[PDB]
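Bear in mind these aren't lab numbers, they're just calculated from the coordinates by the rules spelled out. Cβ: placed from backbone, ideal geometry, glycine included. Neighbour counts: every protein chain shown.
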Amino acid sequence: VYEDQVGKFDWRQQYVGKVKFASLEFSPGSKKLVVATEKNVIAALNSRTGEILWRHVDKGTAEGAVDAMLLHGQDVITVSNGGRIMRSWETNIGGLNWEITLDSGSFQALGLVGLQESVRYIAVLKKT
Amino acid sequence: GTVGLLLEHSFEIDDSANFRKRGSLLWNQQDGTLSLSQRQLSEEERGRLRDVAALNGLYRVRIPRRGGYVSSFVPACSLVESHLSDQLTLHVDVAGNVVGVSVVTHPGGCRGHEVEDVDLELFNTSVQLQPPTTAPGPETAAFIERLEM
Amino acid sequence: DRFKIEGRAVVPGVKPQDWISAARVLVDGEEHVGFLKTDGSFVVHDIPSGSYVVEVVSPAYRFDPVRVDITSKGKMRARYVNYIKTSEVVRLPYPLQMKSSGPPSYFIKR
Amino acid sequence: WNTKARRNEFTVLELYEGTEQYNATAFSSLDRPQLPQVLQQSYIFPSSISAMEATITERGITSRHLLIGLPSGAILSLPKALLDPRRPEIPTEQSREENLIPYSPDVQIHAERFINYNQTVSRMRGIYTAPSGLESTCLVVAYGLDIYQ
Ligand SMILES: *[C@@H]1O[C@H](CO)[C@@H](O[C@@H]2O[C@H](CO)[C@@H](O[C@@H]3O[C@H](CO)[C@@H](O)[C@H](O)[C@@H]3O)[C@H](O)[C@H]2NC(C)=O)[C@H](O)[C@H]1NC(C)=O
Ligand SMILES: *[C@@H]1O[C@H](CO)[C@@H](O[C@@H]2O[C@H](CO)[C@@H](O[C@@H]3O[C@H](CO)[C@@H](O)[C@H](O)[C@@H]3O)[C@H](O)[C@H]2NC(C)=O)[C@H](O)[C@H]1NC(C)=O
Ligand SMILES: *[C@@H]1O[C@H](CO)[C@@H](O[C@@H]2O[C@H](CO)[C@@H](O[C@@H]3O[C@H](CO)[C@@H](O)[C@H](O)[C@@H]3O)[C@H](O)[C@H]2NC(C)=O)[C@H](O)[C@H]1NC(C)=O
């Protein structure tokens, strides 16, 4: 009976927290629009329609907060918690590109450094 | 290890701001025996009690704990309509802590026929202890044996 | 002390990247949450000692939870999820390989 | 949740009176000096139970289903009859004759009893149940990261 009555008298609306770190890059820009919020949820909105393409929820009690977010031409880098675990996401598709475990410090700043041609290293500076 | 507890009663027209010593309660934690010893009421107190009953007042009982103050209210109209029968119960924790007390009367009626001076001479009270009870857990051992057998 | 848990899940068919979308793994249920890789792998860090039930959550093809026991010395022991019994049923290797049977039945048939 | 054995235990408590009734015309807590019987039972639920609610109707002639949320997002409704304190251990004649199932501490999450077929809630903060007007219809709305009705 449930398969017959799919969406007759039911509805769901999906929502997102307050925009904290959003980027408006992607020179091609078909519909991609990344948003990372202050409720430990990272979503992707659409420029044309506005729906959610892919969204990820990790935490929200006291940990996993997003501190900084960098954007390459095709990939996104972000730091969660306070400088312990870092993971990189993709935007064409959605999932994890790579992960890295940091040391026991206080996250202060990050940046991109490029040797001669382009960026190959990300500098992360902690308290010490 | 025997400790005394102070039991006060209240008696007014409609408010309650006066408290007087009624008796001494002895409580021994290690055994678990609770004893009461209260003095008898005077004729004036009996008359005031009878007057309060016809005024459908309130009977507040104060029991200080070593501090905290625990009070319990009970209708005295049923107490006067029926025979004097109070039941006291102390509430304790898993350790030496006092939660509170409740006064309960077995008749618990509201007919209110009459009270005779012969009735209100002696105090009829019983003190009881109610320690916390341990709830049971899953009886899976019996279920496993039943499945096997 | 902190330890890390690795795992790899394989779908019968379709495509790993299609199933990766909206896919996560729970270790306790709201305490530790792991995310999947591009094809499939869950890697979880910052874990204390104890026994936990790893389960891959998906509105799509579901997975069987697996009990994992973690020792302080560094031994990893995986077993089937047993609640009535609390003994060792059968021992399987540490490289978690979950095999989703298929779509769970959500609607009844008339 | 139990620390000794890693599991979630489910305790259901019920209050029951005796065979004879009281006044049953006007209820009051000043009167009624009786202690009701308390029944406890234990079960096993393999989940976290983020949210919890009961379906409430206007008159109350239908069944009483318990709605429980899961970390997955699916909301499962289970009947109160299964989690009943009157569950005899050994199968006896009259109990099995009237309406009863032998007691067994194993509760499985059936996929058929899944209100959330496709639509899931990432974070289940709470659910609200509102009684409708016909007889047997309750509007359930789950709030949190998303909204679903
Ligand atoms: C002073 O207090 C004692 C104890 O609280 C009273 O003894 C109690 O007396 C009542 C009736 O007077 C007894 O009730 C009886 O209960 C049985 C069933 O248990 C029932 O079949 C009888 O018809 C009757 O209702 C009660 O058992 C008895 N003992 C207790 C409560 O432990 C005593 O009567 C009080 N004295 C005065 C002058 O009120
Ligand atoms: C069960 O509880 C009900 C409600 O409390 C009792 O009915 C009520 O009983 C009282 C006391 O008999 C009645 O009060 C009467 O008031 C008139 C003046 O209005 C007075 O002249 C009488 O002497 C008496 O005090 C009250 O009217 C009555 N209410 C109703 C709706 O009937 C009932 O008696 C209780 N039954 C038992 C067995 O406890
Ligand atoms: C859970 O949701 C997914 C969508 O995200 C469901 O897959 C889609 O289900 C709809 C129907 O619920 C399919 O639509 C159908 O389209 C055909 C024409 O292609 C039409 O003839 C049918 O009447 C119906 O409208 C849709 O094709 C399908 N998409 C895919 C890629 O499979 C999924 O079935 C849902 N899970 C359930 C219902 O268990």
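Structure above, values below:
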| quantity | calculated |
| --- | --- |
| Contacts under 7 angstrom Cβ, first residue in the stretch A:1-28 being within 28 Å of residue A:74 (Cβ to Cβ), partner away from ligand 1 (no atom under 16 Å from the Cβ) and polar (S, T, N, Q), 6 or more apart | A:16/A:37; A:17/A:37; A:18/A:37; A:19/A:37; A:20/A:37 |
| In the stretch D:13-28, the residues that are within 27 Å of the chain's Cα centre (by Cα) and within 11 Å of chain B (Cβ to nearest Cβ) | D:13 |
| Count - residues of the stretch B:74-98 that are within 11 Å of ligand 1 (Cβ to nearest atom) and of a type in the set (S, T, N, Q) | 3 |
| Per-region count, the stretch B:123-138, residues surrounded by 12 or more Cβ atoms within 10 Å (Cβ to Cβ), part of a loop (DSSP other than H, G, I, E, B) and more than 7 Å from chain D (Cβ to nearest Cβ) | 1 |
| Filter pass, residue C:62 being in contact with a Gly (Cβ under 8 Å, 6 or more places away or on another chain) and surrounded by 17 or more Cβ atoms within 10 Å (Cβ to Cβ) | no |
| Which numbered condition residue C:54 fails, given (1) more than 16 Å from ligand 3 (Cβ to nearest atom); (2) under 11 Å from the mean Cα position of the chain (by Cα); (3) within 12 Å of another protein chain (Cβ to nearest Cβ) | (3) |
| Residues within the stretch B:66-78 that are out of contact with any strand residue (DSSP E or B) (no Cβ under 6 Å at 6 or more places or on another chain) and more than 16 Å from ligand 2 (Cβ to nearest atom), tallied | 4 |
| Sole residue being out of contact with any helix residue (DSSP H, G or I) (no Cβ under 9 Å at 6 or more places or on another chain), more than 30 Å from residue A:44 (Cα to Cα), surrounded by 15 or more Cβ atoms within 10 Å (Cβ to Cβ) and of a type in the set (D, E, K, R), chosen from C:77, C:67 | C:67 |
| Any hit, the stretch C:31-38, residues being among the small types (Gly, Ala, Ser) and either away from ligand 3 (no atom under 16 Å from the Cβ) or touching a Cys at 6+ places or on another chain (Cβ under 6 Å) (or both) | yes |
| Qualifying residue in the stretch B:107-117 (condition: hydrophobic (A, V, I, L, M, F, W, C), within 14 Å of chain D (Cβ to nearest Cβ) and under 14 Å from the mean Cα position of the chain (by Cα)) | no |
| Lone unmet requirement of (1) more than 25 Å from residue D:111 (Cβ to Cβ); (2) loosely packed, with under 13 Cβ neighbours inside 10 Å; (3) within 13 Å of another protein chain (Cβ to nearest Cβ) for residue C:103 | (1) |
| Any hit, the stretch C:10-20, residues being facing another protein chain (nearest Cβ under 10 Å), surrounded by 13 or more Cβ atoms within 10 Å (Cβ to Cβ), within 20 Å of residue D:48 (Cβ to Cβ) and of a type in the set (A, V, I, L, M, F, W, C) | no |
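Yes/no per residue for (1) at positive phi; (2) within 16 Å of ligand 3 (Cβ to nearest atom); (3) part of a loop (DSSP other than H, G, I, E, B); (4) more than 14 Å from chain C (Cβ to nearest Cβ):
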residue	(1), (2), (3), (4)
D:59	no, no, yes, yes
D:86	no, no, yes, yes
D:95	no, no, no, yes
D:115	no, yes, yes, no
D:120	no, yes, yes, no
D:128	no, no, no, yes
D:141	no, no, no, yes
